[PDB]
Amino acid sequence: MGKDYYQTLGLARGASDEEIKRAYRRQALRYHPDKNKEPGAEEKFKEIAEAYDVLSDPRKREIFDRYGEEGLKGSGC
């Protein structure tokens, strides 16, 4: 509830692509089911992956910058 994307990957709207992708590359490697198949890293990676879409696609971020969560029909509930 109050589902963060930017902050779940550790950013705010105002982070540039070169901040965003900086974090995203690290954040994938933190839990990747291809690096750290750690028990419960995968669900972390899966929740990151919802944020990861925003935190890479500038057209997804265009809606998240203009609005935020209230703009973005990721997951609903």
# chains A, B, ... in the order shown; residues from 1 in each chain; ligands from 1
>>> residues_around(residues="segment 59-64 of chain A", least_positions_apart="3", cutoff="10 Å", atoms="only C-alpha atoms", output="PyMOL selection string")
chain A and resi 5-6+13+17+53-56+67-74
>>> write_last_selection(atoms="N, CA and C atoms", output="PDB file, in the first residue's frame")
ATOM      1  N   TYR A   5       7.858   2.910  -6.355  1.00  0.00           N
ATOM      2  CA  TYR A   5       8.666   2.396  -7.456  1.00  0.00           C
ATOM      3  C   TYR A   5      10.045   3.020  -7.293  1.00  0.00           C
ATOM      4  N   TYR A   6      10.136   4.337  -7.511  1.00  0.00           N
ATOM      5  CA  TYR A   6      11.340   5.140  -7.359  1.00  0.00           C
ATOM      6  C   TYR A   6      12.029   4.790  -6.039  1.00  0.00           C
ATOM      7  N   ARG A  13      11.645  11.308  -7.975  1.00  0.00           N
ATOM      8  CA  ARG A  13      11.442  11.934  -9.276  1.00  0.00           C
ATOM      9  C   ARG A  13      12.260  13.217  -9.277  1.00  0.00           C
ATOM     10  N   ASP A  17      18.319   9.641 -15.566  1.00  0.00           N
ATOM     11  CA  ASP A  17      18.507   8.291 -16.064  1.00  0.00           C
ATOM     12  C   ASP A  17      19.840   7.726 -15.584  1.00  0.00           C
ATOM     13  N   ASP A  53      11.103  -1.504 -14.317  1.00  0.00           N
ATOM     14  CA  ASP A  53      10.449  -1.092 -15.555  1.00  0.00           C
ATOM     15  C   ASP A  53      10.362   0.430 -15.637  1.00  0.00           C
ATOM     16  N   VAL A  54       9.906   1.063 -14.552  1.00  0.00           N
ATOM     17  CA  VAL A  54       9.868   2.512 -14.419  1.00  0.00           C
ATOM     18  C   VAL A  54      11.307   2.997 -14.460  1.00  0.00           C
ATOM     19  N   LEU A  55      12.139   2.539 -13.531  1.00  0.00           N
ATOM     20  CA  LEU A  55      13.542   2.866 -13.384  1.00  0.00           C
ATOM     21  C   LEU A  55      14.414   2.362 -14.556  1.00  0.00           C
ATOM     22  N   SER A  56      13.850   2.190 -15.753  1.00  0.00           N
ATOM     23  CA  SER A  56      14.605   2.150 -16.983  1.00  0.00           C
ATOM     24  C   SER A  56      13.860   2.799 -18.152  1.00  0.00           C
ATOM     25  N   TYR A  67       2.892  12.543 -12.855  1.00  0.00           N
ATOM     26  CA  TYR A  67       1.962  12.162 -11.795  1.00  0.00           C
ATOM     27  C   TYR A  67       2.664  11.427 -10.650  1.00  0.00           C
ATOM     28  N   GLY A  68       3.175  10.221 -10.898  1.00  0.00           N
ATOM     29  CA  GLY A  68       3.673   9.312  -9.867  1.00  0.00           C
ATOM     30  C   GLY A  68       2.852   8.034  -9.883  1.00  0.00           C
ATOM     31  N   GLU A  69       2.701   7.404  -8.719  1.00  0.00           N
ATOM     32  CA  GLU A  69       1.944   6.175  -8.537  1.00  0.00           C
ATOM     33  C   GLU A  69       0.506   6.349  -9.030  1.00  0.00           C
ATOM     34  N   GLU A  70      -0.090   7.528  -8.821  1.00  0.00           N
ATOM     35  CA  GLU A  70      -1.474   7.790  -9.209  1.00  0.00           C
ATOM     36  C   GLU A  70      -1.620   7.844 -10.732  1.00  0.00           C
ATOM     37  N   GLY A  71      -0.512   7.910 -11.475  1.00  0.00           N
ATOM     38  CA  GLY A  71      -0.515   7.873 -12.921  1.00  0.00           C
ATOM     39  C   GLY A  71      -0.311   6.474 -13.485  1.00  0.00           C
ATOM     40  N   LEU A  72       0.278   5.552 -12.717  1.00  0.00           N
ATOM     41  CA  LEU A  72       0.892   4.350 -13.262  1.00  0.00           C
ATOM     42  C   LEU A  72       0.072   3.118 -12.903  1.00  0.00           C
ATOM     43  N   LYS A  73      -0.593   2.535 -13.899  1.00  0.00           N
ATOM     44  CA  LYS A  73      -1.368   1.304 -13.771  1.00  0.00           C
ATOM     45  C   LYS A  73      -0.451   0.065 -13.745  1.00  0.00           C
ATOM     46  N   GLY A  74       0.646   0.090 -12.988  1.00  0.00           N
ATOM     47  CA  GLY A  74       1.356  -1.138 -12.648  1.00  0.00           C
ATOM     48  C   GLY A  74       0.587  -1.806 -11.513  1.00  0.00           C
TER      49      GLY A  74
END
>>> residues_around(residues="residue 7 of chain A", least_positions_apart="4", cutoff="9 Å", atoms="only C-alpha atoms", output="PDB file with C-alpha atoms, in the first residue's frame")
ATOM      1  CA  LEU A  11      15.373   7.270  -5.809  1.00  0.00           C
ATOM      2  CA  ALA A  12      12.980  10.271  -6.205  1.00  0.00           C
ATOM      3  CA  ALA A  51      10.086  -0.667 -10.072  1.00  0.00           C
TER       4      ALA A  51
END
>>> atom_distance(atom1="atom CA of residue 8 of chain A", atom2="atom CA of residue 48 of chain A")
6.8 Å
>>> select_by_dssp(residues="segment 6-61 of chain A", states="alpha helix (DSSP H)", output="PyMOL selection string")
chain A and resi 17-29+41-54+58-61
>>> atom_distance(atom1="atom CA of residue 37 of chain A", atom2="atom CA of residue 49 of chain A")
15.4 Å
>>> closest_residue(among="A:15, A:77, A:20, A:28", to="residue 42 of chain A", atoms="only C-alpha atoms")
A:28
>>> residues_around(residues="residue 32 of chain A", least_positions_apart="4", cutoff="12 Å", atoms="only C-alpha atoms", output="MDAnalysis selection string")
chainID A and resid 24:28 36:49
>>> write_last_selection(atoms="N, CA and C atoms", output="compact mmCIF listing (two decimals), in the first residue's frame")
# COMPACT_ATOMS: atom_id res chain seq x y z
N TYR A 24 19.74 0.82 -10.76
CA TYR A 24 19.08 -0.34 -11.32
C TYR A 24 20.07 -1.48 -11.56
N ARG A 25 21.25 -1.18 -12.11
CA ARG A 25 22.25 -2.21 -12.38
C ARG A 25 22.74 -2.86 -11.08
N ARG A 26 23.00 -2.05 -10.04
CA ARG A 26 23.39 -2.54 -8.72
C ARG A 26 22.26 -3.38 -8.13
N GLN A 27 21.04 -2.85 -8.16
CA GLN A 27 19.85 -3.38 -7.51
C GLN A 27 19.45 -4.74 -8.10
N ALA A 28 19.57 -4.93 -9.42
CA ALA A 28 19.41 -6.24 -10.02
C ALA A 28 20.41 -7.22 -9.42
N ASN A 36 22.42 -14.39 -7.07
CA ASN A 36 22.10 -14.58 -5.68
C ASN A 36 20.77 -15.31 -5.73
N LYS A 37 20.80 -16.64 -5.85
CA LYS A 37 19.58 -17.42 -5.77
C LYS A 37 19.25 -17.67 -4.29
N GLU A 38 19.53 -16.68 -3.45
CA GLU A 38 19.36 -16.66 -2.02
C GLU A 38 17.87 -16.86 -1.71
N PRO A 39 17.52 -17.63 -0.66
CA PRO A 39 16.14 -17.86 -0.29
C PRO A 39 15.47 -16.54 0.11
N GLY A 40 14.56 -16.07 -0.75
CA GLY A 40 13.83 -14.82 -0.59
C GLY A 40 14.45 -13.63 -1.32
N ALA A 41 15.61 -13.78 -1.99
CA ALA A 41 16.08 -12.74 -2.90
C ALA A 41 15.16 -12.66 -4.12
N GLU A 42 14.64 -13.78 -4.61
CA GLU A 42 13.85 -13.81 -5.84
C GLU A 42 12.60 -12.94 -5.76
N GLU A 43 11.89 -12.96 -4.63
CA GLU A 43 10.69 -12.16 -4.49
C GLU A 43 11.05 -10.68 -4.39
N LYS A 44 12.20 -10.38 -3.77
CA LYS A 44 12.81 -9.06 -3.72
C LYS A 44 13.11 -8.56 -5.13
N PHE A 45 13.75 -9.39 -5.95
CA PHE A 45 14.03 -9.14 -7.36
C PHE A 45 12.72 -8.90 -8.12
N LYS A 46 11.69 -9.71 -7.87
CA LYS A 46 10.39 -9.60 -8.51
C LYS A 46 9.73 -8.26 -8.17
N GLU A 47 9.83 -7.80 -6.93
CA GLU A 47 9.25 -6.53 -6.51
C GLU A 47 10.08 -5.38 -7.08
N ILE A 48 11.41 -5.53 -7.08
CA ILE A 48 12.29 -4.62 -7.79
C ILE A 48 11.87 -4.56 -9.24
N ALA A 49 11.53 -5.66 -9.92
CA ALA A 49 11.29 -5.68 -11.36
C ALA A 49 10.11 -4.80 -11.76
>>> atom_distance(atom1="atom CA of residue 2 of chain A", atom2="atom CA of residue 50 of chain A")
13.9 Å
